[PDB]
>>> print(open('run-v8.csv').read())   # CSV, C-alpha atoms
chain,number,residue,atom,x,y,z
A,60,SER,CA,-80.9,-19.6,12.8
A,61,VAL,CA,-82.6,-16.4,11.8
A,62,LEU,CA,-83.3,-18.2,8.5
A,63,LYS,CA,-85.5,-21.1,9.7
A,64,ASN,CA,-86.0,-22.8,6.4
A,65,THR,CA,-82.9,-21.5,4.5
A,66,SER,CA,-82.0,-25.0,3.5
A,67,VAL,CA,-78.9,-23.4,2.1
A,68,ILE,CA,-77.2,-21.9,5.2
A,69,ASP,CA,-75.7,-25.4,5.6
A,70,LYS,CA,-74.6,-25.3,2.0
A,71,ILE,CA,-73.5,-21.7,2.2
A,72,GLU,CA,-71.4,-22.4,5.3
A,73,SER,CA,-70.1,-25.5,3.5
A,74,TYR,CA,-68.9,-23.5,0.6
A,75,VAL,CA,-67.5,-20.9,2.9
A,76,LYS,CA,-65.4,-23.4,4.9
A,77,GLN,CA,-64.4,-25.2,1.8
A,78,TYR,CA,-63.4,-21.9,0.3
A,79,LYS,CA,-61.0,-21.1,3.1
A,80,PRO,CA,-58.1,-20.9,0.6
A,81,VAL,CA,-59.6,-19.3,-2.5
A,82,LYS,CA,-56.0,-19.1,-3.7
A,83,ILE,CA,-52.5,-18.6,-2.5
A,84,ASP,CA,-50.1,-15.7,-2.1
A,85,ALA,CA,-47.5,-15.0,-4.8
A,86,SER,CA,-44.1,-14.5,-3.4
A,87,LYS,CA,-42.5,-15.5,-6.7
A,88,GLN,CA,-39.7,-12.9,-6.1
A,89,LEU,CA,-36.9,-15.3,-5.4
A,90,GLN,CA,-34.4,-14.6,-8.2
A,91,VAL,CA,-35.7,-11.3,-9.5
A,92,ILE,CA,-35.2,-10.0,-6.0
A,93,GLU,CA,-31.7,-11.4,-5.9
A,94,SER,CA,-30.7,-9.9,-9.3
A,95,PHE,CA,-32.3,-6.5,-8.4
A,96,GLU,CA,-30.4,-6.6,-5.1
A,97,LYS,CA,-27.1,-7.4,-6.8
A,98,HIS,CA,-27.4,-4.7,-9.4
A,99,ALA,CA,-28.5,-2.1,-6.9
A,100,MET,CA,-25.9,-3.0,-4.3
A,101,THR,CA,-23.0,-3.1,-6.8
A,102,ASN,CA,-24.1,0.3,-8.3
A,103,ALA,CA,-24.5,1.9,-4.9
A,104,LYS,CA,-21.2,0.5,-3.6
A,105,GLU,CA,-19.5,1.9,-6.7
A,106,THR,CA,-21.2,5.3,-6.1
A,107,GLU,CA,-20.2,5.3,-2.4
A,108,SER,CA,-16.6,4.4,-3.1
A,109,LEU,CA,-16.4,7.0,-5.8
A,110,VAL,CA,-17.9,9.6,-3.4
A,111,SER,CA,-15.3,8.7,-0.7
A,112,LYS,CA,-12.5,8.9,-3.2
A,113,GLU,CA,-13.8,12.3,-4.3
A,114,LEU,CA,-13.9,13.5,-0.7
A,115,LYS,CA,-10.3,12.3,-0.2
A,116,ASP,CA,-9.1,14.0,-3.4
B,1,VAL,CA,-42.8,0.4,-12.7
B,2,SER,CA,-41.3,-1.3,-9.6
B,3,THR,CA,-38.3,-0.9,-7.4
B,4,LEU,CA,-35.0,0.4,-8.7
B,5,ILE,CA,-31.9,2.3,-7.5
B,6,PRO,CA,-32.4,6.0,-8.5
B,7,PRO,CA,-29.4,7.1,-6.4
B,8,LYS,CA,-27.0,4.2,-7.3
B,9,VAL,CA,-26.7,5.5,-10.9
B,10,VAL,CA,-23.8,7.7,-9.7
B,11,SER,CA,-21.7,4.8,-11.1
B,12,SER,CA,-22.4,5.7,-14.7
B,13,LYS,CA,-21.5,9.3,-14.3
B,14,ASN,CA,-19.9,11.3,-11.5
B,15,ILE,CA,-21.7,14.5,-10.5
B,16,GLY,CA,-20.4,17.6,-12.3
B,17,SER,CA,-18.6,16.8,-15.5
B,18,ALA,CA,-17.6,20.5,-15.8
B,19,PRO,CA,-16.8,20.6,-12.1
B,20,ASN,CA,-14.9,17.4,-12.6
B,21,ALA,CA,-12.8,18.9,-15.4
B,22,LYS,CA,-12.3,22.0,-13.2
B,23,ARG,CA,-11.2,19.9,-10.2
B,24,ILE,CA,-8.9,17.8,-12.4
B,25,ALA,CA,-7.2,21.0,-13.6
B,26,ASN,CA,-7.1,22.0,-9.9
B,27,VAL,CA,-5.4,18.8,-8.8
B,28,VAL,CA,-2.6,19.2,-11.4
B,29,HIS,CA,-2.3,22.9,-10.7
B,30,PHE,CA,-2.2,22.7,-6.9
B,31,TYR,CA,-0.1,19.5,-6.7
B,32,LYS,CA,2.5,20.6,-9.2
B,33,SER,CA,3.0,23.8,-7.2
B,34,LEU,CA,6.0,24.8,-5.1
B,35,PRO,CA,5.7,24.2,-1.3
B,36,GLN,CA,6.4,27.9,-0.4
B,37,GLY,CA,7.9,29.9,-3.2
B,38,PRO,CA,10.4,27.1,-3.9
B,39,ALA,CA,13.2,27.3,-6.5
B,40,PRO,CA,14.3,31.0,-6.3
B,41,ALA,CA,17.9,31.0,-7.7
B,42,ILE,CA,18.7,34.7,-7.5
B,43,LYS,CA,22.5,35.1,-6.9
B,44,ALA,CA,24.9,35.0,-9.8
B,45,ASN,CA,28.4,36.4,-10.3
B,46,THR,CA,30.8,35.7,-13.2
B,47,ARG,CA,32.6,38.6,-14.8
B,48,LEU,CA,29.4,40.3,-16.1
B,49,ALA,CA,27.0,38.3,-13.9
B,50,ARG,CA,28.3,40.0,-10.8
B,51,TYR,CA,26.7,43.1,-12.4
B,52,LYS,CA,23.7,41.3,-13.8
B,53,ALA,CA,22.4,39.8,-10.6
B,54,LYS,CA,23.3,43.0,-8.7
B,55,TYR,CA,22.5,45.9,-11.0
B,56,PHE,CA,19.7,44.4,-13.1
B,57,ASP,CA,18.1,43.0,-9.9
B,58,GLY,CA,14.7,44.4,-8.9
B,59,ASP,CA,15.5,45.1,-5.3
B,60,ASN,CA,16.0,48.8,-6.3
B,61,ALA,CA,15.2,49.1,-10.1
B,62,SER,CA,15.7,52.8,-9.6
B,63,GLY,CA,17.3,55.2,-12.1
B,64,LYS,CA,20.9,54.6,-11.2
B,65,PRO,CA,20.8,51.0,-12.4
B,66,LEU,CA,20.6,52.2,-16.0
B,67,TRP,CA,22.8,55.2,-15.3
B,68,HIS,CA,25.7,53.0,-14.5
B,69,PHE,CA,25.8,52.1,-18.2
B,70,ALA,CA,25.9,55.9,-19.0
B,71,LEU,CA,28.7,56.5,-16.6
B,72,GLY,CA,30.7,53.6,-18.0
B,73,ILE,CA,30.1,54.5,-21.6
B,74,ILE,CA,31.2,58.1,-20.8
B,75,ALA,CA,34.4,56.7,-19.3
B,76,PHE,CA,35.0,54.8,-22.5
B,77,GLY,CA,34.1,57.7,-24.8
B,78,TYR,CA,36.3,60.2,-23.0
B,79,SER,CA,39.3,57.9,-23.7
B,80,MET,CA,37.9,57.4,-27.2
B,81,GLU,CA,38.0,61.2,-27.8
B,82,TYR,CA,41.5,61.4,-26.2
B,83,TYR,CA,42.8,58.7,-28.5
B,84,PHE,CA,40.8,60.2,-31.4
B,85,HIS,CA,40.8,64.0,-31.2
>>> encode(input="run-v8.csv", output="structure tokens")
Amino acid sequence: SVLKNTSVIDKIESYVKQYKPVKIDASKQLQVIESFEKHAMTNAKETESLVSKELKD
Amino acid sequence: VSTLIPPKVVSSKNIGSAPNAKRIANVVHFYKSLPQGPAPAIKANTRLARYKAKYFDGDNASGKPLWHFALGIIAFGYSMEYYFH
């Protein structure tokens, strides 16, 4: 309204609303996460079991 | 770069390779050790052993333990001179 003859505030708001999703998120971590978790968990479990066995020994 | 498991690498090597070797020597040393001074086996007596476990035993280890040999050899040698001289 402060721009009385903008003649583009309609167009600018149109582009703004139509650009509500410029793009999407990228949560592509769905098997890389699983593999990293598997490797880390197996290694850490081996470490913890080894530590407990060392404590017992 | 990204996430990893810096601590979980204790799998590839246990801490202290030299301490591990020392502890492995320690396990064999302490385990294969007598409970409390076990396996003494001190007493013995058979003709001469009745003298060995008694006179060569370290309970006294004084001067008379050797001097018994001198007294005995003197007993033998006096008869040796008697039969000889």
>>> atom_distance(input="run-v8.csv", atom1="CA of residue 63 (chain A)", atom2="CA of residue 78 (chain A)")
24.0 Å
>>> closest_atom_pairs(input="run-v8.csv", of="chain B", to="chain A", cutoff="10 Å", atoms="all atoms listed in the file", output="tab-separated table")
residue	atom	partner	partner_atom	distance
B:3	CA	A:95	CA	8.3
B:4	CA	A:99	CA	7.2
B:5	CA	A:99	CA	5.6
B:6	CA	A:99	CA	9.1
B:7	CA	A:103	CA	7.3
B:8	CA	A:103	CA	4.2
B:9	CA	A:102	CA	6.4
B:10	CA	A:106	CA	5.0
B:11	CA	A:106	CA	5.0
B:12	CA	A:102	CA	8.5
B:13	CA	A:106	CA	9.1
B:14	CA	A:109	CA	8.0
B:15	CA	A:110	CA	9.4
B:20	CA	A:113	CA	9.8
B:23	CA	A:116	CA	9.2
B:24	CA	A:116	CA	9.8
B:27	CA	A:116	CA	8.1
>>> atom_distance(input="run-v8.csv", atom1="CA of residue 49 (chain B)", atom2="CA of residue 81 (chain B)")
29.0 Å
>>> atom_distance(input="run-v8.csv", atom1="CA of residue 73 (chain B)", atom2="CA of residue 61 (chain B)")
19.6 Å
>>> residues_around(input="run-v8.csv", residues="residue 54 (chain B)", least_positions_apart="4", cutoff="10 Å", atoms="only C-alpha atoms", output="count of residues only")
11
